[PDB]
Each structure stands twice: as C-alpha cells, then as structure tokens.
Amino acid sequence: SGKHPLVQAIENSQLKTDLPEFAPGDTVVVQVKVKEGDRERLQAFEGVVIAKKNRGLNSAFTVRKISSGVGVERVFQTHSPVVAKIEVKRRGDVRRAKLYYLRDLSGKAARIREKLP
RNA sequence: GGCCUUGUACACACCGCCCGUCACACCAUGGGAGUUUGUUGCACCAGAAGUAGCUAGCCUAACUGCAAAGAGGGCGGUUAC
C-alpha cells in the first residue's frame, strides 16, 4: 500500500481471490493457458520457486526448471488471467528469500530439503 | 714377322668388354612446418537402469488385537558400486 488510494482502489478490483500459500524453495505446477488460432489448452510448468515479489496486483514469482538438459526460468505475474491454476507439490526448507545460488548448481548439488511438519 | 709359356671380367673375340656424374621419361619409397582419423594410459567431474546398506516422512486387503492400534508391505529420501 505504497500508492495513492485511488490507484489502490483501481488495482483492488482485479485481484485474484483464490491463490494458494507458497514460499521460495517450494516446487509448484503452474497451468498456463495456450491459445492457438481458436484452440485453447492448458500447459503445465513444474519447477522450483526461486523468487517471490509481494506487491499486490503487481505480485510475481519466478519458477526454474530443467528441460532436456537446458535450464529455463519464467517470471509469472501472479494475478494475470493467463495463470489458470497454481498447485504446490512439495514444501522446501531454505534459509533465504532469494535462491539465485541454485543457478550455479547441477543435479545432486541443487536438491532442496523437504520441510517436515 | 714366326714358335713355346703366362694373365684375362674378351668369344661379334681390344674396332672387345665396361664405370660414374649430368640431361630426358616412368615407377615405388624415405624425410618434412603442419592438417586430420581411430584407439589408448592416467587424473578429475558428472552420472541412468540395477544391486547392496540406512532411514523414519507419507500411504496401506490377507496376520495379531473387542477395538485403539501393532506386525508386515508399498511409495519417498539417502549412501556405495
């Protein structure tokens, strides 16, 4: 709430009301809507959350994964309608908010310990 | 000019035989700044399926228990090769 009240009021009418709770270090599956011509489908993007920005309507989160030996990161905009659904598959145990150090690790070294209730 | 003997790689028989460089044509081959293929010795990194060990997170038909739940099993995690 660092913006003017009118801007806050305009942003508040667009907020999603069903996002789950998730934190950096988790692994999530994001369903993205893909539109080809008139063909609508859902595509899954599964990976580790390495960064999360909490800014209301301007909230975002970064997901990193390995695809056919190539690392790929996508910075999803949380409240965009393109993100159909977010599932939390596993909860991780980390010590910091941003996990950019995972970019320099591979395979076993990049494993994240599971957070145990 | 004639006879005997001797040496010879000459026998078309010394107008013999025959050697090497240079020039010409062909053939195989050695060396050579480098270029490139296969294979291999170490040293390290990464590492699947699989097997062996340890775990206690989760889930559970046959057994035990009046039942609560145990035993056993499975998934997961993890170490070695």
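These numbers come from the heavy atoms of this one structure, side chains and all, not from hydrogens, waters or symmetry mates. Proteins get letters first, then strands, A, B, ... in listed order; numbering begins at 1 in each.
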### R111(A), nearest nucleotide to its side chain (from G47(B), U78(B), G57(B))
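Closest nucleotide among those given: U78(B).
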Could you let me know what [N] is paired to, Watson-Crick or G-U wobble, both distances under 3.5 Å, or none if it's on its own?
N	result
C15(B)	none
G7(B)	none
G1(B)	none
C81(B)	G50(B)

* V30(A), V88(A): one ILVMFWY side-chain cluster at the under-4.5 Å cut-off? ->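 Yes; tracing contacts between hydrophobic side chains, which count when under 4.5 Å, links both residues.
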Exercise. Would a hydrophobic clustering, with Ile, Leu, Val, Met, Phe, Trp and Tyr connected at side-chain separations under 4.5 Å, put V29(A) with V63(A)?
Worked result: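 Each belongs to a different hydrophobic cluster.
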Can you tell whether [N] is stacked with [M], judging only by whether their six-membered base rings have centres under 5.5 Å apart and planes under 30 degrees?
N	M	answer
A11(B)	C12(B)	no
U55(B)	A56(B)	yes
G53(B)	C54(B)	yes
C14(B)	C15(B)	no

Provide, to the nearest angstrom, the distance between the [atom1] atom belonging to [X] and the [atom2] atom belonging to [N].
X	N	atom1	atom2	value
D104(A)	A46(B)	CG	P	15 Å
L105(A)	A46(B)	CG	P	11 Å
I112(A)	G57(B)	CD1	P	22 Å
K115(A)	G57(B)	NZ	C1'	14 Å
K89(A)	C58(B)	NZ	P	18 Å
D93(A)	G77(B)	CG	P	17 Å
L116(A)	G57(B)	CG	P	8 Å

>> Taking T27(A)'s backbone N and O only, do any of them form a donor-acceptor pair with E46(A)'s side chain (distance below 3.5 Å, no angle check)?
In response: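 Between the backbone of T27(A) and the side chain of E46(A) there is no qualifying donor-acceptor contact (under 3.5 Å).
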With a 3.5 Å distance limit and no angle check, can you tell me whether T78(A) reaches the backbone of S59(A) through a side-chain donor-acceptor pair?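 Yes; judged by distance alone, with no hydrogens or angles, the pair exists.
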Taking atom [atom1] in both [N] and [M], compute the distance separating them and give it to the nearest angstrom.
N	M	atom1	result
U51(B)	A68(B)	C1'	40 Å
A56(B)	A46(B)	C1'	30 Å
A69(B)	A48(B)	P	40 Å
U40(B)	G74(B)	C1'	47 Å
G73(B)	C42(B)	P	44 Å
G70(B)	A62(B)	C1'	16 Å
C14(B)	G7(B)	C1'	15 Å
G16(B)	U6(B)	P	28 Å

If we call a positive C1'-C2'-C3'-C4' torsion north and a negative one south, what is the sugar of [N]?
N	result
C15(B)	south
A28(B)	north
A62(B)	south
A11(B)	south
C27(B)	north

Self-check item: Sub-4.5 Å side-chain heavy-atom contact between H79(A) and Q14(A)
Solution: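 Answer no - side chains too far apart.
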ask   = Between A25(B) and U39(B), is there a Watson-Crick or G-U wobble pair with both distances below 3.5 Å?
value =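 Verdict: no pairing.
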Going by Watson-Crick or G-U wobble geometry, both distances under 3.5 Å, is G57(B) a partner of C75(B)?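 Yes, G57(B) pairs with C75(B), since both Watson-Crick or G-U wobble distances fall under 3.5 Å.
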* Taking 4.0 angstrom as the limit, do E73(A) and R103(A) come out as a salt bridge? ->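 Looking at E73(A) and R103(A), the cut-off is met.
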Please state whether the phosphate of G57(B), meaning OP1 or OP2, lies under 4.0 angstrom from any side-chain nitrogen or oxygen of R90(A).
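So the side chain of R90(A) is outside the cut-off, no N or O lying under 4.0 Å from OP1 or OP2 of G57(B).
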Distance test, side-chain N/O of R91(A) to OP1/OP2 of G57(B), below 4.0 Å
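No, outside the criterion.
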Q | Syn or anti for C66(B) (syn when the glycosidic angle lies within 90° of 0) | A |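 For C66(B), whose glycosidic angle is within 90° of 0, the conformation is syn.
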### Message
Going by the glycosidic torsion and a 90 degree boundary from 0, is the base of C45(B) oriented syn or anti?
### Response
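This nucleotide is in anti.
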Do other residues, nucleotides or ligands put more than 12 heavy atoms under 6.0 Å from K89(A) NZ?
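It does not: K89(A) NZ has 12 such atoms or fewer within range.
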Enter the distance from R74(A):CZ to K65(A):NZ here, rounded to the nearest 0.5 Å.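 Between atom CZ of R74(A) and atom NZ of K65(A) there are 11.0 Å.
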